[PDB]
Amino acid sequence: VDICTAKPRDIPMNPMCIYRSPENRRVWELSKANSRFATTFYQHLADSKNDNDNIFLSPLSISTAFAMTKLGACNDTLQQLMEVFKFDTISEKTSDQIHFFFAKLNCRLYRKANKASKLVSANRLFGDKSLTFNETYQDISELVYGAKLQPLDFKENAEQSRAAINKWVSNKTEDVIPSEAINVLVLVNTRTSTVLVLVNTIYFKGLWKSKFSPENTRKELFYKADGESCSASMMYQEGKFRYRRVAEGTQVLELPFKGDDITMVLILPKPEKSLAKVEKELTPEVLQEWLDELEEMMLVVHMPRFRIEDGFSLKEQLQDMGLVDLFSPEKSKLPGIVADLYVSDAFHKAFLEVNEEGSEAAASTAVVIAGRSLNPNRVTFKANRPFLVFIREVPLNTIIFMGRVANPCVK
């Protein structure tokens, strides 16, 4: 039974606790949901960080992790999830249906093979070796999120347990891997013993559709939010890119990878406007508006060559966002997982490496453009100051990664 084809009827979905939201078409709406959480969570994460600190994460990964957890959710815990991750914005739907749409979203995201640009997703459950897990939870987790259940000796050998998990992450999350994201959820019982660990991996390998030439790269000044500056490696190139100059100076620019399914969007505000303001103003609706107004346009592209990485606890922000019960040893309601449970820890680790090739291994490459004469009055895009970055799947319109480049300088 292939999920990709299977209809809603074919895949039962024996849901323990069902919840009705207030008042491909579905797959498209889930992406909106997923994107609403993304930008929101980013704003929270941003306010908790310093302006000149880089930010990077994969919100798709996060949504997926907590969607998996939602499988056993019940009562308020269930609702809070549906609300915090905006799953309830798919008007008049139900807990279990969200998982059908995710099965579809995943298919068109990962199963659809044919690269030049590679997007792979790996999910695994690591549950206590000596417990009896609910078979519906098992099956559905496997079916929908392709997550298998591996037993570990959490009780008597937590040390070796951690090793087992890491040996697996390494085999998945860093062939070369220049961009990835890892999400870990620790589920514990009232006794402070690890019952289950949810692990989500997503990583991307993509060659620029219009690659820069290393020969044209040169050390130049990047201007930090602290008013100082440092030496960045500026990549350079001229060409046809989807672009748009929106509200008060802000430049939006799309750089697609080979395949055209996956692209990198940059958001670069004028020198006199702070990235902070833009971040605060970045509502899901505005963002969508910007992506639409994008039109091909010959221009020059000055963009630094960088490697950013990030790591943070999901707990605080998620709580402030409404997700309380799930972390509350007393309130946490996840009955559908074992035949109590609460989330003790939820951390996220990610990094993105970009260069003349794209999200790929640096290479000794050159470029020759022969009979070209471009209007001396063309637009220029010089990212020598902090700018946002998304890596979205266009067809499905989902934000795979996102972050901020506040300092690309390597020193």
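In this text, residue numbers run from 1 along the sequence as written.
- According to the entry, the stretch of the deposited sequence that connects residue 142 to residue 143 contains no residue lacking coordinates, so the chain runs unbroken between them.
- Unmodelled stretch separating residue 339 from residue 340: 4 to 9 residues (count of deposited-sequence residues without coordinates).
- For the segment pair 54-62 and 24-32, the entry gives 24-32 the higher mean B-factor, averaged over Cα atoms.
- Judged by mean Cα B factor in the deposited record, 163-171 ranks above the other of 143-151 and 163-171.
- Per the deposited record, 92 carries the highest C-alpha B-factor of all listed residues (310, 254, 289, 92).
- When the C-alpha B factors of 119, 303, 131, 265 are read from the deposited coordinates, the top value falls at 131.
- Residue 403: CA B factor in the lowest third of modelled residues in this chain (values from the PDB entry).
- Annotation for residue 113: C-alpha temperature factor in the highest third relative to the rest of the modelled chain, per the entry.
- Placement of the Cα temperature factor of residue 383 within the chain: lowest third of the modelled residues, per the deposited record.
- In the PDB entry, a CA B factor belonging to the lowest third of its chain's modelled residues is recorded for residue 123.
- Among the modelled residues of its chain, residue 355 has a C-alpha B-factor that falls in the lowest third according to the deposited record.
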